[PDB]
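Data file: coords.cif. Format and content: mmCIF, N, CA, C and O atoms.
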```cif
data_target
loop_
_atom_site.label_atom_id
_atom_site.label_comp_id
_atom_site.auth_asym_id
_atom_site.auth_seq_id
_atom_site.Cartn_x
_atom_site.Cartn_y
_atom_site.Cartn_z
N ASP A 51 -84.37 -126.76 52.64
CA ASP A 51 -83.81 -125.45 52.34
C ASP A 51 -84.87 -124.57 51.68
O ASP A 51 -85.51 -124.98 50.70
N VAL A 52 -85.06 -123.38 52.23
CA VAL A 52 -86.03 -122.41 51.73
C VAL A 52 -85.27 -121.13 51.40
O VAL A 52 -84.26 -120.82 52.02
N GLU A 53 -85.74 -120.41 50.38
CA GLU A 53 -85.09 -119.18 49.96
C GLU A 53 -86.13 -118.19 49.47
O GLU A 53 -87.06 -118.57 48.76
N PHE A 54 -85.95 -116.93 49.83
CA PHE A 54 -86.85 -115.88 49.40
C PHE A 54 -86.05 -114.62 49.07
O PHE A 54 -85.08 -114.28 49.75
N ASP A 55 -86.47 -113.94 48.01
CA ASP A 55 -85.91 -112.65 47.64
C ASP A 55 -86.77 -111.58 48.28
O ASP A 55 -87.99 -111.55 48.10
N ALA A 56 -86.13 -110.70 49.04
CA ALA A 56 -86.83 -109.70 49.82
C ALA A 56 -86.83 -108.36 49.10
O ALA A 56 -85.80 -107.89 48.63
N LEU A 57 -88.01 -107.75 49.02
CA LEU A 57 -88.16 -106.39 48.55
C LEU A 57 -88.40 -105.54 49.79
O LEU A 57 -89.45 -105.65 50.43
N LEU A 58 -87.43 -104.71 50.14
CA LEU A 58 -87.38 -104.15 51.48
C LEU A 58 -87.74 -102.68 51.58
O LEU A 58 -87.72 -102.13 52.68
N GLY A 59 -88.05 -102.01 50.48
CA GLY A 59 -88.52 -100.64 50.59
C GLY A 59 -88.45 -99.91 49.27
O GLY A 59 -88.06 -100.47 48.24
N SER A 60 -88.87 -98.65 49.32
CA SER A 60 -88.79 -97.69 48.22
C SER A 60 -89.04 -96.31 48.78
O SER A 60 -89.70 -96.17 49.81
N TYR A 61 -88.52 -95.28 48.11
CA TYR A 61 -88.76 -93.91 48.52
C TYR A 61 -88.99 -93.03 47.30
O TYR A 61 -88.08 -92.82 46.50
N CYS A 62 -90.20 -92.53 47.18
CA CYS A 62 -90.53 -91.48 46.24
C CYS A 62 -90.07 -90.16 46.83
O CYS A 62 -89.86 -90.03 48.04
N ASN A 63 -89.89 -89.16 45.97
CA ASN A 63 -89.62 -87.81 46.42
C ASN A 63 -90.85 -86.96 46.19
O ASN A 63 -91.63 -87.19 45.26
N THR A 64 -91.03 -85.98 47.04
CA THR A 64 -92.02 -84.94 46.79
C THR A 64 -91.41 -84.00 45.77
O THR A 64 -90.41 -83.34 46.05
N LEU A 65 -91.99 -83.97 44.57
CA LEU A 65 -91.58 -82.97 43.60
C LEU A 65 -92.10 -81.62 44.05
O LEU A 65 -93.26 -81.27 43.80
N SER A 66 -91.25 -80.87 44.75
CA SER A 66 -91.64 -79.59 45.29
C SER A 66 -91.81 -78.58 44.17
O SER A 66 -91.13 -78.65 43.15
N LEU A 67 -92.75 -77.65 44.35
CA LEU A 67 -93.02 -76.62 43.36
C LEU A 67 -92.99 -75.26 44.03
O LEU A 67 -93.60 -75.06 45.08
N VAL A 68 -92.30 -74.34 43.40
CA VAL A 68 -92.16 -72.97 43.87
C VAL A 68 -93.18 -72.10 43.14
O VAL A 68 -93.74 -72.50 42.12
N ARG A 69 -93.41 -70.90 43.67
CA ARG A 69 -94.51 -70.06 43.21
C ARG A 69 -94.13 -69.04 42.15
O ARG A 69 -95.03 -68.57 41.46
N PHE A 70 -92.84 -68.65 42.09
CA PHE A 70 -92.23 -67.53 41.35
C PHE A 70 -92.56 -66.17 41.98
O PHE A 70 -91.83 -65.20 41.78
N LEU A 71 -93.57 -66.12 42.85
CA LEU A 71 -93.76 -64.92 43.65
C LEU A 71 -93.36 -65.19 45.08
O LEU A 71 -93.34 -64.29 45.92
N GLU A 72 -93.03 -66.44 45.38
CA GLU A 72 -92.38 -66.82 46.62
C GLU A 72 -90.88 -66.85 46.36
O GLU A 72 -90.20 -67.81 46.72
N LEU A 73 -90.36 -65.78 45.76
CA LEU A 73 -88.99 -65.76 45.28
C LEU A 73 -88.52 -64.33 45.03
O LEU A 73 -89.24 -63.54 44.41
N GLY A 74 -87.31 -64.01 45.48
CA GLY A 74 -86.81 -62.65 45.50
C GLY A 74 -86.57 -62.02 44.14
O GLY A 74 -86.42 -60.80 44.04
N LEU A 75 -86.53 -62.85 43.09
CA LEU A 75 -86.37 -62.35 41.73
C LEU A 75 -87.54 -61.48 41.29
O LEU A 75 -87.34 -60.54 40.52
N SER A 76 -88.73 -61.73 41.82
CA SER A 76 -89.93 -61.14 41.24
C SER A 76 -90.20 -59.71 41.68
O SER A 76 -91.35 -59.27 41.61
N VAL A 77 -89.19 -58.98 42.15
CA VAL A 77 -89.37 -57.55 42.31
C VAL A 77 -89.17 -56.83 40.98
O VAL A 77 -89.78 -55.78 40.75
N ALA A 78 -88.42 -57.41 40.05
CA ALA A 78 -88.07 -56.75 38.80
C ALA A 78 -89.17 -56.83 37.75
O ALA A 78 -89.13 -56.07 36.79
N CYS A 79 -90.12 -57.74 37.91
CA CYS A 79 -91.17 -57.95 36.93
C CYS A 79 -92.49 -57.44 37.47
O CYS A 79 -92.82 -57.61 38.65
N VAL A 80 -93.24 -56.77 36.61
CA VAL A 80 -94.62 -56.46 36.88
C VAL A 80 -95.41 -57.44 36.04
O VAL A 80 -95.68 -57.19 34.86
N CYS A 81 -95.74 -58.58 36.63
CA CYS A 81 -96.48 -59.62 35.93
C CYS A 81 -97.97 -59.37 36.09
O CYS A 81 -98.50 -59.45 37.20
N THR A 82 -98.62 -59.01 34.99
CA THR A 82 -100.06 -58.83 34.96
C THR A 82 -100.62 -59.66 33.82
O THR A 82 -100.12 -59.58 32.69
N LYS A 83 -101.65 -60.45 34.11
CA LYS A 83 -102.28 -61.26 33.08
C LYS A 83 -103.10 -60.37 32.16
O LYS A 83 -104.00 -59.65 32.61
N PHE A 84 -102.78 -60.41 30.88
CA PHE A 84 -103.56 -59.75 29.84
C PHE A 84 -104.10 -60.87 28.97
O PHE A 84 -103.51 -61.17 27.92
N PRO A 85 -105.21 -61.51 29.34
CA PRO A 85 -105.60 -62.78 28.71
C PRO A 85 -106.21 -62.66 27.32
O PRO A 85 -106.82 -63.62 26.86
N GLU A 86 -106.07 -61.51 26.67
CA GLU A 86 -106.46 -61.34 25.28
C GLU A 86 -105.25 -61.10 24.40
O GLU A 86 -105.39 -60.56 23.30
N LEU A 87 -104.07 -61.52 24.87
CA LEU A 87 -102.79 -61.06 24.36
C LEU A 87 -102.54 -61.47 22.92
O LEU A 87 -101.77 -60.80 22.22
N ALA A 88 -103.19 -62.53 22.46
CA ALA A 88 -103.06 -62.92 21.06
C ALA A 88 -103.73 -61.91 20.15
O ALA A 88 -103.26 -61.64 19.04
N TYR A 89 -104.83 -61.32 20.61
CA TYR A 89 -105.61 -60.41 19.79
C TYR A 89 -105.00 -59.02 19.68
O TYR A 89 -105.51 -58.17 18.95
N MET A 90 -103.92 -58.77 20.41
CA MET A 90 -103.23 -57.50 20.36
C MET A 90 -102.29 -57.46 19.15
O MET A 90 -101.72 -58.47 18.74
N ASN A 91 -102.14 -56.27 18.57
CA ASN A 91 -101.28 -56.11 17.40
C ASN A 91 -100.01 -55.36 17.77
O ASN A 91 -98.91 -55.86 17.58
N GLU A 92 -100.16 -54.14 18.29
CA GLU A 92 -99.01 -53.33 18.63
C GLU A 92 -99.38 -52.43 19.79
O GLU A 92 -100.44 -51.81 19.79
N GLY A 93 -98.50 -52.35 20.78
CA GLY A 93 -98.79 -51.50 21.91
C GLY A 93 -97.67 -50.55 22.24
O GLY A 93 -96.49 -50.82 21.98
N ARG A 94 -98.03 -49.42 22.81
CA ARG A 94 -97.07 -48.39 23.13
C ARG A 94 -97.30 -47.94 24.56
O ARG A 94 -98.38 -48.12 25.13
N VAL A 95 -96.25 -47.38 25.15
CA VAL A 95 -96.32 -46.74 26.45
C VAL A 95 -95.92 -45.28 26.24
O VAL A 95 -94.99 -45.00 25.47
N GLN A 96 -96.62 -44.36 26.88
CA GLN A 96 -96.29 -42.94 26.79
C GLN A 96 -95.28 -42.57 27.87
O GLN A 96 -95.26 -43.19 28.94
N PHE A 97 -94.47 -41.56 27.60
CA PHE A 97 -93.51 -41.03 28.56
C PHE A 97 -93.39 -39.52 28.42
O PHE A 97 -92.70 -39.02 27.52
N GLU A 98 -94.04 -38.79 29.32
CA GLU A 98 -93.84 -37.36 29.43
C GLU A 98 -92.72 -37.09 30.43
O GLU A 98 -92.94 -37.12 31.64
N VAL A 99 -91.54 -36.80 29.91
CA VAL A 99 -90.36 -36.59 30.75
C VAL A 99 -89.74 -35.25 30.37
O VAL A 99 -89.59 -34.93 29.19
N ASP B 51 -35.24 -116.91 114.71
CA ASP B 51 -35.42 -116.32 113.39
C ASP B 51 -36.72 -116.79 112.78
O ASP B 51 -37.08 -117.97 112.87
N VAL B 52 -37.44 -115.87 112.15
CA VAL B 52 -38.63 -116.18 111.38
C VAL B 52 -38.44 -115.64 109.97
O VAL B 52 -37.73 -114.65 109.77
N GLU B 53 -39.03 -116.31 108.99
CA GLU B 53 -38.82 -115.95 107.60
C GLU B 53 -40.01 -116.40 106.79
O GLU B 53 -40.49 -117.52 106.93
N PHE B 54 -40.47 -115.51 105.91
CA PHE B 54 -41.66 -115.80 105.13
C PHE B 54 -41.55 -115.11 103.78
O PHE B 54 -40.46 -114.74 103.33
N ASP B 55 -42.69 -114.99 103.13
CA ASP B 55 -42.85 -114.19 101.93
C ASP B 55 -44.27 -113.66 101.88
O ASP B 55 -45.19 -114.26 102.44
N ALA B 56 -44.44 -112.52 101.23
CA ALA B 56 -45.70 -111.82 101.26
C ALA B 56 -46.13 -111.45 99.85
O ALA B 56 -45.50 -110.64 99.18
N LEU B 57 -47.24 -112.05 99.43
CA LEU B 57 -47.88 -111.67 98.19
C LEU B 57 -48.58 -110.35 98.46
O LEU B 57 -49.65 -110.31 99.07
N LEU B 58 -47.95 -109.26 98.03
CA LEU B 58 -48.38 -107.93 98.40
C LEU B 58 -49.39 -107.34 97.44
O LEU B 58 -49.49 -106.11 97.35
N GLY B 59 -50.14 -108.16 96.72
CA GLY B 59 -51.19 -107.63 95.88
C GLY B 59 -51.30 -108.36 94.56
O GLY B 59 -50.38 -109.08 94.18
N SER B 60 -52.45 -108.22 93.90
CA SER B 60 -52.66 -108.62 92.52
C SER B 60 -53.93 -107.92 92.09
O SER B 60 -54.90 -107.89 92.85
N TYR B 61 -53.93 -107.31 90.92
CA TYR B 61 -55.04 -106.45 90.51
C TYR B 61 -55.48 -106.82 89.11
O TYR B 61 -54.65 -107.15 88.25
N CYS B 62 -56.78 -106.77 88.89
CA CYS B 62 -57.37 -107.26 87.66
C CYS B 62 -57.53 -106.12 86.67
O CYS B 62 -57.35 -104.94 86.98
N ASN B 63 -57.91 -106.50 85.46
CA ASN B 63 -58.16 -105.59 84.36
C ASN B 63 -59.67 -105.48 84.20
O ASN B 63 -60.32 -106.45 83.81
N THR B 64 -60.21 -104.32 84.52
CA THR B 64 -61.63 -104.07 84.31
C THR B 64 -61.84 -103.89 82.81
O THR B 64 -61.19 -103.05 82.18
N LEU B 65 -62.73 -104.70 82.24
CA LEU B 65 -63.07 -104.57 80.84
C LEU B 65 -64.25 -103.64 80.66
O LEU B 65 -65.29 -103.83 81.29
N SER B 66 -64.10 -102.64 79.80
CA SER B 66 -65.22 -101.82 79.38
C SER B 66 -65.85 -102.44 78.14
O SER B 66 -65.14 -103.00 77.30
N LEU B 67 -67.17 -102.36 78.03
CA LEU B 67 -67.89 -102.91 76.90
C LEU B 67 -68.75 -101.82 76.27
O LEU B 67 -69.54 -101.17 76.96
N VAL B 68 -68.60 -101.64 74.97
CA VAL B 68 -69.29 -100.60 74.22
C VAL B 68 -70.70 -101.05 73.92
O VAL B 68 -71.04 -102.23 74.10
N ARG B 69 -71.53 -100.12 73.45
CA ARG B 69 -72.93 -100.41 73.18
C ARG B 69 -73.37 -100.05 71.76
O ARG B 69 -74.46 -100.45 71.36
N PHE B 70 -72.59 -99.22 71.06
CA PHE B 70 -72.69 -98.88 69.64
C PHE B 70 -73.90 -98.00 69.32
O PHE B 70 -73.96 -97.37 68.26
N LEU B 71 -74.83 -97.85 70.26
CA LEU B 71 -75.89 -96.88 70.06
C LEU B 71 -75.51 -95.55 70.66
O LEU B 71 -76.07 -94.51 70.30
N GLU B 72 -74.54 -95.56 71.56
CA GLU B 72 -74.02 -94.35 72.19
C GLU B 72 -72.78 -93.93 71.43
O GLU B 72 -71.70 -93.78 72.01
N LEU B 73 -72.92 -93.75 70.12
CA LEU B 73 -71.82 -93.29 69.28
C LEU B 73 -72.38 -92.33 68.25
O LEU B 73 -73.59 -92.29 67.99
N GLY B 74 -71.49 -91.56 67.64
CA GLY B 74 -71.86 -90.75 66.50
C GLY B 74 -71.91 -91.59 65.25
O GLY B 74 -72.38 -91.14 64.21
N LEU B 75 -71.41 -92.83 65.33
CA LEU B 75 -71.51 -93.75 64.21
C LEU B 75 -72.94 -94.16 63.93
O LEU B 75 -73.28 -94.43 62.78
N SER B 76 -73.78 -94.19 64.96
CA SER B 76 -75.15 -94.66 64.80
C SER B 76 -76.00 -93.71 63.98
O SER B 76 -77.06 -94.13 63.49
N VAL B 77 -75.57 -92.46 63.78
CA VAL B 77 -76.34 -91.55 62.95
C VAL B 77 -76.22 -91.89 61.48
O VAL B 77 -77.02 -91.40 60.67
N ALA B 78 -75.26 -92.73 61.10
CA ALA B 78 -75.00 -93.00 59.70
C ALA B 78 -75.73 -94.23 59.19
O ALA B 78 -75.89 -94.39 57.97
N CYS B 79 -76.20 -95.10 60.08
CA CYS B 79 -76.80 -96.35 59.64
C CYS B 79 -78.14 -96.51 60.33
O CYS B 79 -78.44 -95.84 61.32
N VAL B 80 -78.94 -97.42 59.79
CA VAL B 80 -80.25 -97.73 60.34
C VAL B 80 -80.17 -99.14 60.89
O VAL B 80 -80.27 -100.11 60.12
N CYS B 81 -79.96 -99.27 62.19
CA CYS B 81 -79.80 -100.56 62.84
C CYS B 81 -81.16 -101.24 62.91
O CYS B 81 -82.03 -100.84 63.69
N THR B 82 -81.34 -102.28 62.10
CA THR B 82 -82.56 -103.06 62.06
C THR B 82 -82.22 -104.54 62.20
O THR B 82 -81.30 -105.02 61.53
N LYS B 83 -82.94 -105.24 63.06
CA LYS B 83 -82.68 -106.66 63.29
C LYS B 83 -83.70 -107.51 62.53
O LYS B 83 -84.87 -107.13 62.40
N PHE B 84 -83.24 -108.65 62.03
CA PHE B 84 -83.96 -109.47 61.06
C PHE B 84 -83.45 -110.90 61.16
O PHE B 84 -82.44 -111.25 60.53
N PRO B 85 -84.14 -111.76 61.91
CA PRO B 85 -83.57 -113.08 62.23
C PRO B 85 -83.54 -114.08 61.08
O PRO B 85 -83.10 -115.21 61.29
N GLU B 86 -84.00 -113.72 59.88
CA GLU B 86 -84.14 -114.72 58.83
C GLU B 86 -83.24 -114.47 57.64
O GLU B 86 -83.53 -114.96 56.55
N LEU B 87 -82.14 -113.74 57.82
CA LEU B 87 -81.37 -113.28 56.68
C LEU B 87 -80.52 -114.40 56.08
O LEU B 87 -80.08 -114.30 54.93
N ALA B 88 -80.29 -115.47 56.84
CA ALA B 88 -79.68 -116.66 56.25
C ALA B 88 -80.67 -117.36 55.33
O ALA B 88 -80.27 -118.03 54.37
N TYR B 89 -81.96 -117.23 55.61
CA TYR B 89 -82.99 -117.78 54.75
C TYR B 89 -83.31 -116.87 53.58
O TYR B 89 -84.06 -117.27 52.68
N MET B 90 -82.76 -115.67 53.59
CA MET B 90 -82.89 -114.71 52.51
C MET B 90 -81.96 -115.10 51.37
O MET B 90 -80.88 -115.65 51.58
N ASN B 91 -82.38 -114.81 50.14
CA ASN B 91 -81.59 -115.19 48.97
C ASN B 91 -80.98 -113.98 48.29
O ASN B 91 -79.76 -113.92 48.13
N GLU B 92 -81.79 -113.01 47.86
CA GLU B 92 -81.30 -111.71 47.44
C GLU B 92 -82.16 -110.63 48.05
O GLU B 92 -83.27 -110.89 48.52
N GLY B 93 -81.65 -109.41 48.04
CA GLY B 93 -82.43 -108.30 48.53
C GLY B 93 -82.38 -107.14 47.57
O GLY B 93 -81.31 -106.75 47.10
N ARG B 94 -83.54 -106.58 47.26
CA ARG B 94 -83.60 -105.51 46.29
C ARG B 94 -84.43 -104.38 46.86
O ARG B 94 -85.44 -104.62 47.54
N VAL B 95 -83.98 -103.16 46.63
CA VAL B 95 -84.78 -101.97 46.85
C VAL B 95 -84.79 -101.17 45.55
O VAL B 95 -83.73 -100.87 45.00
N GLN B 96 -85.98 -100.87 45.05
CA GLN B 96 -86.13 -99.99 43.89
C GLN B 96 -86.47 -98.60 44.39
O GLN B 96 -87.07 -98.45 45.46
N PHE B 97 -86.07 -97.58 43.64
CA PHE B 97 -86.23 -96.20 44.08
C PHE B 97 -87.09 -95.43 43.09
O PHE B 97 -87.25 -95.84 41.94
N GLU B 98 -87.64 -94.31 43.55
CA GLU B 98 -88.48 -93.45 42.73
C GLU B 98 -88.00 -92.01 42.85
O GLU B 98 -87.87 -91.49 43.97
N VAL B 99 -87.74 -91.37 41.72
CA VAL B 99 -87.34 -89.97 41.66
C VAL B 99 -88.00 -89.32 40.45
O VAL B 99 -88.01 -89.89 39.35
#
```
The structure in this file should be written as structure tokens.
Amino acid sequence: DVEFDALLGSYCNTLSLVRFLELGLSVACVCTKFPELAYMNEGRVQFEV
Amino acid sequence: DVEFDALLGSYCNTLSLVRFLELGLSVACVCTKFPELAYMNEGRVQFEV
């Protein structure tokens, strides 16, 4: 009498990653990198209306 | 006078035999053959997510 325990497979998933600009939400944001942002103190925007 | 009897027919039952690959059931399982499963003791599959 012979006996064996069989390991018959496994399946990983691809952890898919989205872009955030490959997405319809990103019309509402104007995302611009300001890479000195820590060194900023206070900023204003002008509006002549 | 003449007198007899007439066996006026006898008809058989045609048996249809299924094949199980020509079904919508086959989409649900993975038919794999493995001649040593009586020699198998336990079977394990581990998964990754």
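Going from atom O of residue 51 in chain A over to atom C of residue 93 in chain B, you cover 18.4 Å.
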Chain fit, chain A moved to chain B over all Cα pairs in order, as a tab-separated table (two decimals) with N, CA, C and O atoms, in the frame of the given file:
```tsv
chain	number	residue	atom	x	y	z
A	51	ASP	N	-34.07	-116.97	113.52
A	51	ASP	CA	-34.32	-116.25	112.29
A	51	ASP	C	-35.56	-116.81	111.59
A	51	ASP	O	-35.67	-118.03	111.39
A	52	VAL	N	-36.48	-115.92	111.25
A	52	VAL	CA	-37.73	-116.28	110.58
A	52	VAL	C	-37.79	-115.49	109.28
A	52	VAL	O	-37.26	-114.39	109.19
A	53	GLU	N	-38.41	-116.08	108.26
A	53	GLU	CA	-38.51	-115.44	106.96
A	53	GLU	C	-39.83	-115.81	106.31
A	53	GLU	O	-40.24	-116.97	106.36
A	54	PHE	N	-40.47	-114.84	105.68
A	54	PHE	CA	-41.71	-115.07	104.98
A	54	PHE	C	-41.73	-114.27	103.68
A	54	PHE	O	-41.26	-113.13	103.62
A	55	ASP	N	-42.28	-114.89	102.64
A	55	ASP	CA	-42.50	-114.22	101.36
A	55	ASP	C	-43.91	-113.67	101.38
A	55	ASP	O	-44.88	-114.40	101.62
A	56	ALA	N	-44.02	-112.37	101.12
A	56	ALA	CA	-45.29	-111.68	101.23
A	56	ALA	C	-45.93	-111.51	99.86
A	56	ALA	O	-45.29	-111.09	98.90
A	57	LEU	N	-47.21	-111.86	99.78
A	57	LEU	CA	-48.03	-111.59	98.62
A	57	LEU	C	-48.92	-110.41	98.99
A	57	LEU	O	-49.81	-110.54	99.84
A	58	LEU	N	-48.67	-109.26	98.38
A	58	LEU	CA	-49.18	-108.01	98.93
A	58	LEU	C	-50.32	-107.39	98.15
A	58	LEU	O	-50.81	-106.33	98.54
A	59	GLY	N	-50.77	-107.98	97.05
A	59	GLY	CA	-51.94	-107.46	96.38
A	59	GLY	C	-52.08	-107.99	94.98
A	59	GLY	O	-51.27	-108.80	94.51
A	60	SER	N	-53.14	-107.54	94.32
A	60	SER	CA	-53.44	-107.79	92.91
A	60	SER	C	-54.52	-106.83	92.48
A	60	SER	O	-55.31	-106.37	93.30
A	61	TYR	N	-54.57	-106.53	91.18
A	61	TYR	CA	-55.62	-105.68	90.64
A	61	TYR	C	-56.10	-106.21	89.30
A	61	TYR	O	-55.35	-106.21	88.32
A	62	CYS	N	-57.33	-106.66	89.27
A	62	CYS	CA	-58.04	-106.96	88.05
A	62	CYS	C	-58.52	-105.65	87.45
A	62	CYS	O	-58.63	-104.63	88.13
A	63	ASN	N	-58.80	-105.67	86.14
A	63	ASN	CA	-59.43	-104.54	85.49
A	63	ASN	C	-60.86	-104.90	85.16
A	63	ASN	O	-61.20	-106.06	84.92
A	64	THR	N	-61.71	-103.90	85.17
A	64	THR	CA	-63.05	-104.06	84.63
A	64	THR	C	-62.93	-104.00	83.12
A	64	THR	O	-62.55	-102.97	82.57
A	65	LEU	N	-63.20	-105.12	82.46
A	65	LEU	CA	-63.28	-105.10	81.01
A	65	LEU	C	-64.54	-104.37	80.60
A	65	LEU	O	-65.63	-104.95	80.57
A	66	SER	N	-64.41	-103.07	80.33
A	66	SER	CA	-65.54	-102.25	79.99
A	66	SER	C	-66.06	-102.62	78.61
A	66	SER	O	-65.30	-103.03	77.74
A	67	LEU	N	-67.38	-102.50	78.42
A	67	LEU	CA	-68.01	-102.82	77.16
A	67	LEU	C	-68.88	-101.65	76.72
A	67	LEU	O	-69.66	-101.12	77.51
A	68	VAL	N	-68.74	-101.29	75.47
A	68	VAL	CA	-69.49	-100.20	74.85
A	68	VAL	C	-70.68	-100.80	74.11
A	68	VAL	O	-70.73	-102.00	73.84
A	69	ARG	N	-71.64	-99.94	73.76
A	69	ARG	CA	-72.92	-100.40	73.24
A	69	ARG	C	-73.02	-100.45	71.73
A	69	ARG	O	-73.89	-101.15	71.23
A	70	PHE	N	-72.19	-99.64	71.02
A	70	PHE	CA	-72.22	-99.30	69.59
A	70	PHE	C	-73.36	-98.34	69.24
A	70	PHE	O	-73.30	-97.63	68.24
A	71	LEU	N	-74.35	-98.21	70.13
A	71	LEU	CA	-75.33	-97.14	69.96
A	71	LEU	C	-75.09	-96.07	70.99
A	71	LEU	O	-75.73	-95.02	70.98
A	72	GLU	N	-74.17	-96.32	71.91
A	72	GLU	CA	-73.64	-95.30	72.80
A	72	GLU	C	-72.37	-94.75	72.17
A	72	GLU	O	-71.34	-94.63	72.83
A	73	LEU	N	-72.46	-94.37	70.89
A	73	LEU	CA	-71.29	-94.01	70.12
A	73	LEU	C	-71.68	-93.24	68.86
A	73	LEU	O	-72.61	-93.64	68.15
A	74	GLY	N	-70.97	-92.15	68.58
A	74	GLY	CA	-71.35	-91.21	67.55
A	74	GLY	C	-71.28	-91.73	66.13
A	74	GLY	O	-71.84	-91.11	65.21
A	75	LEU	N	-70.60	-92.86	65.93
A	75	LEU	CA	-70.52	-93.49	64.62
A	75	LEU	C	-71.88	-93.96	64.12
A	75	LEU	O	-72.13	-93.93	62.91
A	76	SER	N	-72.79	-94.31	65.02
A	76	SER	CA	-73.99	-95.03	64.62
A	76	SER	C	-75.10	-94.14	64.07
A	76	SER	O	-76.26	-94.54	64.10
A	77	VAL	N	-74.78	-92.93	63.60
A	77	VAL	CA	-75.77	-92.20	62.84
A	77	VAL	C	-75.79	-92.67	61.39
A	77	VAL	O	-76.84	-92.62	60.74
A	78	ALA	N	-74.70	-93.24	60.89
A	78	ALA	CA	-74.58	-93.62	59.48
A	78	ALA	C	-75.24	-94.95	59.16
A	78	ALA	O	-75.48	-95.23	57.99
A	79	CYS	N	-75.51	-95.77	60.17
A	79	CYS	CA	-76.07	-97.09	59.96
A	79	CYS	C	-77.51	-97.12	60.42
A	79	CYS	O	-77.88	-96.54	61.45
A	80	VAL	N	-78.35	-97.77	59.63
A	80	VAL	CA	-79.68	-98.12	60.05
A	80	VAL	C	-79.62	-99.60	60.36
A	80	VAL	O	-79.78	-100.44	59.47
A	81	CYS	N	-79.33	-99.92	61.61
A	81	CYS	CA	-79.22	-101.31	62.04
A	81	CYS	C	-80.58	-101.82	62.46
A	81	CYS	O	-81.15	-101.34	63.45
A	82	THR	N	-81.12	-102.74	61.68
A	82	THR	CA	-82.38	-103.40	61.99
A	82	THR	C	-82.16	-104.90	61.93
A	82	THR	O	-81.61	-105.40	60.94
A	83	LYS	N	-82.59	-105.61	62.97
A	83	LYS	CA	-82.46	-107.06	62.99
A	83	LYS	C	-83.47	-107.67	62.03
A	83	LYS	O	-84.68	-107.45	62.16
A	84	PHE	N	-82.97	-108.43	61.08
A	84	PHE	CA	-83.80	-109.23	60.18
A	84	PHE	C	-83.44	-110.67	60.48
A	84	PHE	O	-82.62	-111.27	59.76
A	85	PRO	N	-84.03	-111.29	61.50
A	85	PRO	CA	-83.52	-112.57	62.02
A	85	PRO	C	-83.84	-113.79	61.18
A	85	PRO	O	-83.70	-114.90	61.68
A	86	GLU	N	-84.27	-113.61	59.94
A	86	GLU	CA	-84.44	-114.70	58.99
A	86	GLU	C	-83.46	-114.59	57.85
A	86	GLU	O	-83.69	-115.17	56.78
A	87	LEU	N	-82.35	-113.87	58.07
A	87	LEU	CA	-81.50	-113.36	57.01
A	87	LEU	C	-80.82	-114.45	56.21
A	87	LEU	O	-80.46	-114.22	55.05
A	88	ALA	N	-80.66	-115.63	56.79
A	88	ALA	CA	-80.09	-116.75	56.04
A	88	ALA	C	-81.05	-117.22	54.97
A	88	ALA	O	-80.64	-117.64	53.88
A	89	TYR	N	-82.35	-117.16	55.25
A	89	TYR	CA	-83.36	-117.68	54.34
A	89	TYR	C	-83.64	-116.75	53.16
A	89	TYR	O	-84.41	-117.10	52.26
A	90	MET	N	-83.04	-115.57	53.16
A	90	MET	CA	-83.20	-114.62	52.08
A	90	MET	C	-82.26	-114.98	50.92
A	90	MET	O	-81.15	-115.49	51.12
A	91	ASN	N	-82.72	-114.72	49.70
A	91	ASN	CA	-81.92	-115.03	48.51
A	91	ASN	C	-81.39	-113.76	47.88
A	91	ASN	O	-80.19	-113.59	47.72
A	92	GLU	N	-82.29	-112.86	47.49
A	92	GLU	CA	-81.89	-111.63	46.83
A	92	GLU	C	-82.89	-110.55	47.16
A	92	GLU	O	-84.10	-110.78	47.09
A	93	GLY	N	-82.40	-109.37	47.51
A	93	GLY	CA	-83.31	-108.30	47.82
A	93	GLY	C	-83.01	-107.02	47.08
A	93	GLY	O	-81.86	-106.75	46.70
A	94	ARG	N	-84.04	-106.24	46.84
A	94	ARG	CA	-83.91	-105.02	46.09
A	94	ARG	C	-84.59	-103.90	46.85
A	94	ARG	O	-85.46	-104.13	47.70
A	95	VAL	N	-84.17	-102.67	46.56
A	95	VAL	CA	-84.81	-101.47	47.06
A	95	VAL	C	-85.29	-100.69	45.84
A	95	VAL	O	-84.57	-100.63	44.83
A	96	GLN	N	-86.48	-100.13	45.90
A	96	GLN	CA	-87.01	-99.32	44.81
A	96	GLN	C	-86.59	-97.87	44.99
A	96	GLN	O	-86.41	-97.41	46.12
A	97	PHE	N	-86.47	-97.14	43.89
A	97	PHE	CA	-86.17	-95.72	43.90
A	97	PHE	C	-86.91	-95.00	42.78
A	97	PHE	O	-86.48	-95.04	41.61
A	98	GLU	N	-88.00	-94.33	43.13
A	98	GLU	CA	-88.67	-93.44	42.21
A	98	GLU	C	-88.09	-92.03	42.37
A	98	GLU	O	-88.46	-91.31	43.29
A	99	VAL	N	-87.22	-91.66	41.44
A	99	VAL	CA	-86.54	-90.37	41.51
A	99	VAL	C	-86.74	-89.66	40.18
A	99	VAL	O	-86.60	-90.25	39.11
```
Residues flagged strand (DSSP E or B) by DSSP in chain B, as a ChimeraX atom specification: /B:90-94
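Applied to the file shown here, the PyMOL selection byres ((chain A and name CA) within 8 of (chain B and name CA)) selects residues 52, 53, 54, 55, 56, 57, 58, 59, 60, 61, 62 and 63 of chain A.
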How big is the axis-aligned box, and where does its centre sit, when it encloses all atoms of range 58-72 of chain B listed in the file and has 3 Å added on every side, reported in Å to one decimal as AutoDock Vina command-line options?
```
--center_x -62.0 --center_y -101.5 --center_z 83.3 --size_x 34.1 --size_y 21.5 --size_z 36.1
```
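Relative to atom C of residue 67 in chain B, atom N of residue 83 in chain B is found at 19.7 Å.
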